[PDB]
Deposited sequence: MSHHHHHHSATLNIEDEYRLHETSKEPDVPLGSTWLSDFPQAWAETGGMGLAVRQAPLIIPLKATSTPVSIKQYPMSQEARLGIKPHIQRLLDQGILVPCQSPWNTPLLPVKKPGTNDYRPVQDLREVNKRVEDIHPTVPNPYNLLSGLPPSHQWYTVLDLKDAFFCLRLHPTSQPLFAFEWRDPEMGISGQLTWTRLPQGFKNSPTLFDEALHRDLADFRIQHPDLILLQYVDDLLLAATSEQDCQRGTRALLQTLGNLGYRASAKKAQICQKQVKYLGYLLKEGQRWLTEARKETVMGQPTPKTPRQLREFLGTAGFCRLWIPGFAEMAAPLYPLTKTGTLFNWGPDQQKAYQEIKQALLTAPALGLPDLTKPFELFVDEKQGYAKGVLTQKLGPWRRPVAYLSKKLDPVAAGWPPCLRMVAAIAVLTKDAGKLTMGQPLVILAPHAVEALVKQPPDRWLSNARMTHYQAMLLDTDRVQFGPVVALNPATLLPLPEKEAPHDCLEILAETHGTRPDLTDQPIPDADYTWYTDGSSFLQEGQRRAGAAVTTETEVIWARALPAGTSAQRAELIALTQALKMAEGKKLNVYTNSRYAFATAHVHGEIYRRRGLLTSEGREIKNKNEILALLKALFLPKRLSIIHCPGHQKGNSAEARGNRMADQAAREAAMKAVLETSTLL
């Protein structure tokens, strides 16, 4: 039905509006041959059929180059990645344009709740390399070659491709303004308001992409769904849920017995902190067991449990509405700041994110009252990363508006941040649910 745009059918891609790239070198560089690292029978055999599939496909061509860098295949078959730090250090740097994965969804309007997701197959290869630059990307072989397209391992590949595709799509975006199109480099979210208003765009877009010369995986496609996985998340109805996959990777593991094992834990669980109320404080007992003896007392096990429990009971987050205002409820506890950034849908405050930070050494040194102010300060700063300086009412269990206006060091800076009334208004003192951190009637 759409043979052109499906990699599985319409064959390898080529960004047609995109003219072959010429990679600008450092003003002082020099070709570098580098000994093809040894791999193994499984690695050599892993990317073996790939280096052969690409060859007769033109993407790969017989070459004789000063430069050699060793290819570094991977897996999850194998990827034809290529270890080339030596090259891309001899290559100049460019002002980047890759999206901020943190706030991309901030731009998904609740009006739009019909979703499609298209992952792009072999995106980088859709860009052509200009024969001048082709040699930089050479590697030995047996059964020396090089890339006619844009290879993985190359430091600019990510940005170069974002721009290419972003530019190629700037057309669409103005022409179907009734649709939303988020783009994280390689893969795309389309948002409609209607089951068919989605199936239009998903026809148009899916077409445009075939024309422009890009191809999308029909395997990984997610067409006109009411919920979709995107960026590690489940999106459904303008809310962001943690994936059961994500959870299993924590629940599943055995209680850490080394610092390394602890670090992996805090590592992956910390990627869920937006869904864990008073996270930072929760994990306080765990942190010192990194770097340092490893005594696993009750507090360690308490934290450990609490955190895992907090994942099972984890709530959906509301996607930030930038056309509305936000409230930030905040509390401070023994040197730890915690709070929930919320927005209203009718009669409901619905959390947009949970924010917590360990109070730094000096702050932590100040008395309870002052601590609350610093608590309010950091979380406000962090909330900014989501609100985009949209107007924010700050609420808390202890009144502090006065003190930030009439204190008897850092204040100067805190006052500056908190007393800009064009973005920050204190609200009334309120009582919070100790869990959920929401206000009590």
| query | finding |
| --- | --- |
| Coordinate gaps, deposited numbering | 1-37, 114-117, 185-191, 340-341, 459-464, 498-681 |
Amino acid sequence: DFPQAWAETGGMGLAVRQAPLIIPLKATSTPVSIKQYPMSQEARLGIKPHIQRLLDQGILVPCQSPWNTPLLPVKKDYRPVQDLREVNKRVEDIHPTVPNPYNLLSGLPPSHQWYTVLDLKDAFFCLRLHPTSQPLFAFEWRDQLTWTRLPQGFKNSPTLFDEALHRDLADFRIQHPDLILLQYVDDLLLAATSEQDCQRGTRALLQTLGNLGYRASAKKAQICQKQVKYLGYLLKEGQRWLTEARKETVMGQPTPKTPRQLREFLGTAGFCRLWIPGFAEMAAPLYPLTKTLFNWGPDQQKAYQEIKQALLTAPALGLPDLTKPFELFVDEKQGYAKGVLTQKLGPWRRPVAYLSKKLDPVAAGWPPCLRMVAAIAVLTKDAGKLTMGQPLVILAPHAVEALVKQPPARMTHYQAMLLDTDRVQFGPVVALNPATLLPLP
From here on, numbers count along this sequence of modelled residues.
query: Average Cα temperature factor in the PDB entry - higher stretch of 355-363, 332-340; finding: 355-363
query: Mean temperature factor over C-alpha atoms, higher-scoring stretch between 147-155 and 268-276; finding: 147-155
query: Per the PDB entry, maximal CA B factor within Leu54, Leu392, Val373, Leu379; finding: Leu54
query: Highest recorded Cα temperature factor - choice among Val228, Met282, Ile174, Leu129; finding: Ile174
query: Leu169 CA temperature factor, ranked by third within the chain; finding: middle
query: Chain-wide C-alpha B factor ranking for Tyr304, given as lowest, middle or highest third; finding: lowest
query: Ranked against its chain, the third holding the CA B-factor of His112; finding: middle
query: Within-chain third of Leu25 by Cα B-factor, per the entry; finding: highest
query: Modelled-residue ranking by C-alpha temperature factor, third containing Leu234; finding: lowest
